[PDB]
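Colleague: Give me the fold of what follows.
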Amino acid sequence: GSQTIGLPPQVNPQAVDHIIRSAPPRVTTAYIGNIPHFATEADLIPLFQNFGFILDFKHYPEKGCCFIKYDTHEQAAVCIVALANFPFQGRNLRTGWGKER
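Modeller: Numbering: from 1, shown residues only. Okay, here it is:
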């Protein structure tokens, strides 16, 4: 097999690999729940961008959830595990695959 392995300093593709298995390789959206009312895109959009790229971010403070769209699916898997039960402005957030609900 060709030498193709990605071992980044942050986030692990292993524990994240299981995430993708819970969704199609086509879809590429990161769902973050448990967001405070004082959480705007100005502080969130960039909090996710650092991951890769954001073509469209949907923040819903009225419900406490946001959906970030990336270029590839693997891009969402990274932030997915990284945001998994991660601290944010004192409050922790959630992670998952953008779903109706």
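Colleague: my guess is residue 99 contacts residue 33, does it?
Modeller: No - contact between residue 99 and residue 33 fails when scored by CB atoms under 8 Å: they sit 10.6 Å apart. Bear in mind the C-beta positions are built from the backbone N, C-alpha and C, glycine included.
Colleague: Please say which of these two ends up with more neighbours.
Modeller: A count of neighbours by other CB atoms under 10 Å puts residue 33 above the other of residue 99 and residue 33, at 14 against 10.
Colleague: if you skip the residues just before and after it, what's nearest to the more buried one?
Modeller: residue 94 (3.5 Å; CB to CB, 6 or more residues apart in numbering).
Colleague: Using just helix, strand and coil, how would you label the one you found?
Modeller: At residue 94 the chain is in coil, as set by DSSP: H, G, I helix; E, B strand; the rest coil.
Colleague: Look up how far residue 81 lies from it.
Modeller: From residue 94 across to residue 81, the span is 12 Å (CB to CB, to the nearest Å).
Colleague: nearest spatial neighbour of residue 20, skipping sequence neighbours?
Modeller: Closest to residue 20 by CB to CB, 6+ apart is residue 77, at 5.2 Å.
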